[PDB]
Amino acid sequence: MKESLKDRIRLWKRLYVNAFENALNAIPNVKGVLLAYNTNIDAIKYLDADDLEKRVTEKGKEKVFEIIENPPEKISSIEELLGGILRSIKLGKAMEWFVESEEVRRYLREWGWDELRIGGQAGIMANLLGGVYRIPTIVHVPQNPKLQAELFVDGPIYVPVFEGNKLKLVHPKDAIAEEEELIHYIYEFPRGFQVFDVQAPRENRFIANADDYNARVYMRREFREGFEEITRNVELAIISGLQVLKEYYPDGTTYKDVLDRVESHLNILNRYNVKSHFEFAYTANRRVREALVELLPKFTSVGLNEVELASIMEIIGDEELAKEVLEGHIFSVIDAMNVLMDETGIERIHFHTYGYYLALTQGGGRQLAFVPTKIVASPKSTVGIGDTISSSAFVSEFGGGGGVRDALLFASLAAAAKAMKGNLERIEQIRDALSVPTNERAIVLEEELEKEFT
């Protein structure tokens, strides 16, 4: 090992422990955070071979196997549900089909699950920011039946309710309504799982989506009529869930009907100087993606990974640039972040990928911040890591905790801590991530940045 590397490793251990100190000291200063819009229920089933075989043969093995090779768009029958699961098994392929039959949804609910946890980017971040970081959190919950409300952890997590004409803020367990259970059913299977002659080449999972409301970005009445009163109780906002929007809907409505309401919400946030952070998850519809980019000028900040930034470069950059960004090639990423900032004028862009983060911020001049991350080799959990990274950096920077680079360092600590432990309960547990070595390949990659930019 070179002396310059050994010196850099020691420098980063220092910056990492200092950035953790700054984050613990500033997070208590955040008056409140608003999380919207997507909250649902995630039901996880660890598939059982004998159970699956018995259900396939119950419904007719022949037609179910026909469906494996002729897969439909949506689940319209129990046979299509089982055929889709076996297809995911045969291919070792992550798949998600929408359940458009109420009868299939009764079958799914009856079949059950092994564990139940909150889903949706606003839902899981309410448990992190409210439950773990102890930040007062207002979360949008489109439908809040008992099964949905109990998935929130204890802490300063709140939903708005109307006591006549006045808006109150209560824990979700105290605001249960006669509303729909929005369940995404997740069927996991290991490598080598076998059913009949079908054998998985990889571990993966098949998702049956039985959630009509988050698919339309449904906004509950408290958020459509009391948004201004809600805004007065928060300092920051994180917006997510718009990636599902379709160009057209069977009732004659379009994505514009939803984005118009989002735009009104942003206007209210900006009138109160609330800092907003948009999670720009992969948006399949290219027109909707273009409109989301046209909405970014009203956001304070936006976060994305290599796949999400490449997807955006497909509509405002060039094709070859997108491919380089997809592979995480750091100079093409930097160009892409400037292409995005030129197009929108947004104040802050946070890029995150395996090994390093980048933050491009605009002030009197554009500043670029770089951080090598802490990689857990065999993580106990990978769900919600990307949202954890993007939300943690935004909240600690705009909470005042040490600056931009330090906010990136805290997010890297939170990501590793979550990966090591599966699920966090208290923010002090993130100190354990200081034990994870910093990525040395990214540490030496910063040498290329200094030669090209100085």
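Numbering starts at 1 and follows the sequence shown.
Here the stretch with the larger average CA B-factor, out of 421-429 and 38-46, is 421-429. The PDB entry reports B-factors from which the mean C-alpha value can be compared for 134-142 and 170-178; the larger average falls on 170-178.
Taking the deposited Cα B-factors for 262, 341, 302, 122, the highest one is held by 341.
Take 286, 221, 374, 184 and read off each C-alpha B-factor from the entry; 286 has the highest. Residue 348: CA B factor lies in the middle third for its chain, per the PDB record. For residue 329, the recorded CA B-factor ranks within the middle third of the chain. Only modelled residues enter the ranking. Remark: residue 247 belongs to the highest third of its chain, ranked by C-alpha B-factor as recorded. Placement of the Cα temperature factor of residue 148 within the chain: lowest third of the modelled residues, per the deposited record. The entry lists a Cα temperature factor for residue 269 that places it in the middle third of the chain's modelled residues.
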